[PDB]
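Structure record follows, encoded as structure tokens.
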Amino acid sequence: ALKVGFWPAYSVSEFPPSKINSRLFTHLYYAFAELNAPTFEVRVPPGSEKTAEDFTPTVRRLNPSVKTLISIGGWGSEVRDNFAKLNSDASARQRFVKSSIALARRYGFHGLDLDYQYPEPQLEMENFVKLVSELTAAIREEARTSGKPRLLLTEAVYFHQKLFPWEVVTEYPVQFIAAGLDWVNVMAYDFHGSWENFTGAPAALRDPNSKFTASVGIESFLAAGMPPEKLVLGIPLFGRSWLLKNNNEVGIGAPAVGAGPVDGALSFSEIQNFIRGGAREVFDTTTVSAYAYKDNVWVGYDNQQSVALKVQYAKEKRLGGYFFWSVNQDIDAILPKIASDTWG
Ligand SMILES: CC(=O)N[C@@H]1[C@@H](O)[C@H](O)[C@@H](CO)O[C@H]1O
């Protein structure tokens, strides 16, 4: 049973690793190491070496049996473009594989994660396969030479097995992945947000009149032949916010006029403050989700109830477990506790 949390190093000032309740997790990820083009000598951001080093011993103080992984990449065009440059260059791939393994070992991480959004189109998937093929070979060789247990290898995946459901240009090679990776982190969120001019459930578990749901995505990996234990269901600890066109239209599907605070996203903790400050919270049973609104601000997120429901779902579907992005966004570890209690 995998209980996974992502900690972003950029949150270090407001939420250092010591604040993580690691008793609620089996694995904690450090996000993110840099690809560092053009050499592709992977590294943590220069000047953060101490933070990277202290991460694992720190989180193990509260839970000595917790394991850690370091994630390489992240979202955005720069990371995507750098993966694309890297994967097409055999020499660069060799430098990446060598430096990534060294990076994990340097700081005492138990594994590596690749966060590439996204390996499309077909050429990019094929070249990513080359990278992972070489990385897995090196991981096994490093275990034999060192006498240590091999590093874990995971990767972030789109909510759906096809890239993309509406226009398929490539797809995740599920048998390759099941063979080479310990698990995948399914990003079952950001289905809806301020890029749309209507409010919606940003991480809907299901929806009777929509294909953008966690369940539809999970079903697609399972249909493709992925062993269910290889799938780890992502749950956001943030919500997507909109500014309402009309303050008296406050339900799902209400017209909107742009991103709410802060640039279209609020942490769960910020959403708690929003409610304590007068916002009305609604649970939407149709989508298995929450939303909250006050004046012209509307936010959709996962709450205590929807998280319990999503974790039970993951158990029903026989998944490997769940992950949260990102742990700094729930300062009192409200949702990680509910999730851990639900699975146990
Ligand atoms: C489920 C999905 O694909 N969601 C994406 C979202 O991640 C992205 O931020 C947005 C804006 O480009 O476009 C959506 O289609």
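As shown in the structure tokens, the chain order sets the letters A, B, ...; within each chain, residues go from 1, and ligands are also counted from 1 in the order they appear.
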
Taking a cut-off of 7 Å and counting only C-alpha atoms and all ligand atoms, can you build a table that, for each residue of chain A near ligand 1, reports the nearest atom pair and how far apart they are in Å (one decimal), sorted by chain then residue number, as CSV?
```
residue,atom,partner,partner_atom_place_in_ligand_line,distance
A:159,CA,ligand 1,1 (C),6.9
A:189,CA,ligand 1,1 (C),6.9
A:190,CA,ligand 1,7 (O),5.1
A:191,CA,ligand 1,1 (C),4.0
A:192,CA,ligand 1,4 (N),6.7
A:195,CA,ligand 1,11 (C),5.9
A:212,CA,ligand 1,1 (C),6.2
```

Keeping N, CA and C atoms, export the residues of the selection given above as a PDB file, in the first residue's frame.
```pdb
ATOM      1  N   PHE A 159      -3.335  11.725 -16.838  1.00  0.00           N
ATOM      2  CA  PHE A 159      -4.471  11.006 -16.227  1.00  0.00           C
ATOM      3  C   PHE A 159      -4.942   9.829 -17.079  1.00  0.00           C
ATOM      4  N   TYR A 189      -5.872  15.020 -12.028  1.00  0.00           N
ATOM      5  CA  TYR A 189      -6.369  16.338 -11.646  1.00  0.00           C
ATOM      6  C   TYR A 189      -6.094  17.351 -12.756  1.00  0.00           C
ATOM      7  N   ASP A 190      -6.491  18.603 -12.512  1.00  0.00           N
ATOM      8  CA  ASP A 190      -6.447  19.687 -13.505  1.00  0.00           C
ATOM      9  C   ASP A 190      -7.255  19.384 -14.777  1.00  0.00           C
ATOM     10  N   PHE A 191      -8.399  18.724 -14.604  1.00  0.00           N
ATOM     11  CA  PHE A 191      -9.343  18.479 -15.715  1.00  0.00           C
ATOM     12  C   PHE A 191     -10.054  19.755 -16.130  1.00  0.00           C
ATOM     13  N   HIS A 192     -10.207  20.659 -15.157  1.00  0.00           N
ATOM     14  CA  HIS A 192     -10.913  21.933 -15.312  1.00  0.00           C
ATOM     15  C   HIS A 192     -10.218  23.031 -14.514  1.00  0.00           C
ATOM     16  N   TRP A 195      -8.795  28.348 -17.357  1.00  0.00           N
ATOM     17  CA  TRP A 195      -8.678  28.319 -18.818  1.00  0.00           C
ATOM     18  C   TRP A 195     -10.042  28.089 -19.477  1.00  0.00           C
ATOM     19  N   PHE A 212     -13.423  13.704 -18.993  1.00  0.00           N
ATOM     20  CA  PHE A 212     -12.293  14.149 -18.184  1.00  0.00           C
ATOM     21  C   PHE A 212     -12.512  13.858 -16.702  1.00  0.00           C
TER      22      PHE A 212
END
```

Contacts of segment 85-95 of chain A within 6 Å, only C-alpha atoms, excl. fewer than 3 positions in-chain, as a list in words: residues 82, 98, 127 and 128 of chain A

Give me, as a PDB file with N, CA and C atoms, in the first residue's frame, all polymer residues having an atom no more than 8 Å from residue 281 of chain A, counting only C-alpha atoms and skipping those fewer than 5 positions away in the same chain.
```pdb
ATOM      1  N   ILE A 275     -12.970  29.468   3.696  1.00  0.00           N
ATOM      2  CA  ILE A 275     -14.190  29.013   4.383  1.00  0.00           C
ATOM      3  C   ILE A 275     -14.366  29.678   5.753  1.00  0.00           C
ATOM      4  N   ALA A 290     -15.453  19.001  -4.025  1.00  0.00           N
ATOM      5  CA  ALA A 290     -15.922  20.111  -3.213  1.00  0.00           C
ATOM      6  C   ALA A 290     -15.767  21.394  -3.996  1.00  0.00           C
ATOM      7  N   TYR A 291     -16.557  22.394  -3.631  1.00  0.00           N
ATOM      8  CA  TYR A 291     -16.265  23.739  -4.058  1.00  0.00           C
ATOM      9  C   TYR A 291     -16.670  24.723  -2.978  1.00  0.00           C
ATOM     10  N   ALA A 292     -16.104  25.924  -3.054  1.00  0.00           N
ATOM     11  CA  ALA A 292     -16.387  26.969  -2.088  1.00  0.00           C
ATOM     12  C   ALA A 292     -16.432  28.306  -2.802  1.00  0.00           C
ATOM     13  N   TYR A 293     -17.312  29.185  -2.336  1.00  0.00           N
ATOM     14  CA  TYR A 293     -17.484  30.479  -2.976  1.00  0.00           C
ATOM     15  C   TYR A 293     -17.832  31.575  -1.978  1.00  0.00           C
TER      16      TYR A 293
END
```

Could you pull out the strand (DSSP E or B) residues of segment 171-236 of chain A from DSSP and send them as a list in words?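 DSSP-assigned strand (DSSP E or B) residues in segment 171-236 of chain A: residues 171, 183, 184, 185, 186, 187, 198, 231, 232, 233, 234, 235 and 236 of chain A.
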
For the residues in that selection, give me N, CA, C and O atoms as an mmCIF file, in the first residue's frame.
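Done, and the output landed in result.cif:
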```
data_model
loop_
_atom_site.group_PDB
_atom_site.id
_atom_site.type_symbol
_atom_site.label_atom_id
_atom_site.label_comp_id
_atom_site.auth_asym_id
_atom_site.auth_seq_id
_atom_site.Cartn_x
_atom_site.Cartn_y
_atom_site.Cartn_z
ATOM 1 N N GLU A 171 0.753 7.022 -27.037
ATOM 2 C CA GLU A 171 0.180 6.466 -25.815
ATOM 3 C C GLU A 171 1.267 5.848 -24.954
ATOM 4 O O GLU A 171 2.341 5.493 -25.457
ATOM 5 N N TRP A 183 6.371 2.012 -10.117
ATOM 6 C CA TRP A 183 4.990 2.428 -10.302
ATOM 7 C C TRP A 183 4.948 3.708 -11.111
ATOM 8 O O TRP A 183 5.995 4.304 -11.393
ATOM 9 N N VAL A 184 3.750 4.107 -11.514
ATOM 10 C CA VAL A 184 3.554 5.421 -12.120
ATOM 11 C C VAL A 184 2.617 6.273 -11.273
ATOM 12 O O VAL A 184 1.688 5.763 -10.640
ATOM 13 N N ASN A 185 2.875 7.576 -11.291
ATOM 14 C CA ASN A 185 2.080 8.544 -10.555
ATOM 15 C C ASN A 185 1.087 9.173 -11.520
ATOM 16 O O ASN A 185 1.458 9.990 -12.356
ATOM 17 N N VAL A 186 -0.172 8.745 -11.430
ATOM 18 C CA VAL A 186 -1.224 9.193 -12.348
ATOM 19 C C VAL A 186 -1.762 10.554 -11.913
ATOM 20 O O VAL A 186 -2.348 10.674 -10.840
ATOM 21 N N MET A 187 -1.560 11.572 -12.748
ATOM 22 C CA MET A 187 -1.941 12.945 -12.411
ATOM 23 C C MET A 187 -3.421 13.177 -12.725
ATOM 24 O O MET A 187 -3.784 13.849 -13.701
ATOM 25 N N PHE A 198 -16.258 28.453 -17.511
ATOM 26 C CA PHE A 198 -17.283 27.901 -16.633
ATOM 27 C C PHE A 198 -16.619 27.183 -15.473
ATOM 28 O O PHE A 198 -15.578 26.545 -15.643
ATOM 29 N N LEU A 231 -0.304 1.385 -10.610
ATOM 30 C CA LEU A 231 -0.942 2.696 -10.695
ATOM 31 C C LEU A 231 -1.083 3.330 -9.316
ATOM 32 O O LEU A 231 -1.583 2.698 -8.388
ATOM 33 N N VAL A 232 -0.643 4.580 -9.195
ATOM 34 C CA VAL A 232 -0.784 5.344 -7.962
ATOM 35 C C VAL A 232 -1.619 6.585 -8.277
ATOM 36 O O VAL A 232 -1.233 7.424 -9.103
ATOM 37 N N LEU A 233 -2.774 6.686 -7.620
ATOM 38 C CA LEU A 233 -3.761 7.702 -7.949
ATOM 39 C C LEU A 233 -3.418 9.044 -7.320
ATOM 40 O O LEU A 233 -3.350 9.157 -6.095
ATOM 41 N N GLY A 234 -3.220 10.057 -8.159
ATOM 42 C CA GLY A 234 -2.935 11.393 -7.669
ATOM 43 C C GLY A 234 -4.163 12.111 -7.163
ATOM 44 O O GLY A 234 -5.246 12.001 -7.749
ATOM 45 N N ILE A 235 -3.979 12.849 -6.072
ATOM 46 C CA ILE A 235 -5.018 13.665 -5.457
ATOM 47 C C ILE A 235 -4.395 15.035 -5.178
ATOM 48 O O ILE A 235 -3.349 15.118 -4.544
ATOM 49 N N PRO A 236 -5.026 16.117 -5.662
ATOM 50 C CA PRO A 236 -4.466 17.450 -5.441
ATOM 51 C C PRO A 236 -4.725 17.955 -4.023
ATOM 52 O O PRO A 236 -5.787 17.680 -3.451
#
```

DSSP-assigned helix (DSSP H, G or I) members of segment 32-68 of chain A, reported as a ChimeraX atom specification: /A:49-62

Quick check, in Å to one decimal: how far apart do atom CA of residue 54 of chain A and atom CA of residue 11 of chain A lie?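 Straight-line distance from atom CA of residue 54 of chain A to atom CA of residue 11 of chain A works out to 14.9 Å.
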
Which is closer to residue 262 of chain A than all the others in A:180, A:208, A:202, A:239, using only C-alpha atoms?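 When distances to residue 262 of chain A are compared using only C-alpha atoms, the smallest one comes from A:239.
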
Segment 145-150 of chain A environment, 12 Å, only C-alpha atoms, sequence neighbours closer than 3 positions dropped, as an MDAnalysis selection string: chainID A and resid 101:102 104:105 108:112 135:142 153 181:182

Fewer than 5 positions away in the same chain doesn't count, so skip those; otherwise give me all residues within 8 Å of residue 119 of chain A, counting only C-alpha atoms, as a PDB file with C-alpha atoms, in the first residue's frame.
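In the end it all went to result36.pdb:
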```
ATOM      1  CA  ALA A  84      12.944  16.567 -25.970  1.00  0.00           C
ATOM      2  CA  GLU A 124       9.018  11.998 -28.223  1.00  0.00           C
ATOM      3  CA  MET A 125       7.490   8.865 -26.661  1.00  0.00           C
ATOM      4  CA  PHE A 128      11.681   8.777 -23.860  1.00  0.00           C
TER       5      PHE A 128
END
```

Near-segment 287-289 of chain A list (8 Å; only C-alpha atoms; drop same-chain fewer than 4 positions) as a PyMOL selection string: chain A and resi 201+203-207+283+300-303+306+309-310

Straight-line distance linking atom CA of residue 312 of chain A with atom CA of residue 31 of chain A, stated in Å to one decimal: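 Taking atom CA of residue 312 of chain A as the start and atom CA of residue 31 of chain A as the end point, the length is 26.9 Å.
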
Need the shell around segment 163-166 of chain A: protein/DNA/RNA residues with any atom at most 8 Å away, counting only C-alpha atoms. Skip same-chain ones fewer than 5 positions apart. Format as a CSV table (one decimal) with C-alpha atoms, in the first residue's frame?
```csv
chain,number,residue,atom,x,y,z
A,120,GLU,CA,4.3,13.4,-27.1
A,121,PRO,CA,4.0,13.1,-30.0
A,158,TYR,CA,-1.1,11.9,-17.7
A,171,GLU,CA,0.2,6.5,-25.8
A,172,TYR,CA,2.0,5.2,-22.8
```

Determine the nearest neighbour of residue 221 of chain A from the options A:269, A:26, A:175, A:99, counting only C-alpha atoms.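 Checking each of A:269, A:26, A:175, A:99 against residue 221 of chain A, counting only C-alpha atoms, the winner is A:175.
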
Gap from atom CA of residue 117 of chain A to atom CA of residue 96 of chain A - Å, one decimal: 17.6 Å

Report the closest atom pair, with its distance in Å rounded to one decimal, for each residue of segment 23-108 of chain A that has an atom no farther than 10 Å from segment 320-344 of chain A; count only C-alpha atoms, sort by chain and then rising residue number, and write it as a tab-separated table.
```
residue	atom	partner	partner_atom	distance
A:23	CA	A:337	CA	9.2
A:24	CA	A:340	CA	6.0
A:25	CA	A:340	CA	7.7
A:26	CA	A:340	CA	10.0
A:27	CA	A:323	CA	9.1
A:28	CA	A:327	CA	9.3
A:29	CA	A:326	CA	9.7
A:31	CA	A:326	CA	9.5
```

Please dump the current selection as a PDB file, in the first residue's frame; keep C-alpha atoms.
```
ATOM      1  CA  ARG A  23       4.045   9.092   9.685  1.00  0.00           C
ATOM      2  CA  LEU A  24       1.245   9.459   7.101  1.00  0.00           C
ATOM      3  CA  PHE A  25       3.416   8.422   4.134  1.00  0.00           C
ATOM      4  CA  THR A  26       5.410   5.447   2.876  1.00  0.00           C
ATOM      5  CA  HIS A  27       7.274   7.514   0.241  1.00  0.00           C
ATOM      6  CA  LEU A  28       8.175  11.189  -0.001  1.00  0.00           C
ATOM      7  CA  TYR A  29       9.417  12.901  -3.160  1.00  0.00           C
ATOM      8  CA  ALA A  31      10.610  18.078  -6.362  1.00  0.00           C
TER       9      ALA A  31
END
```
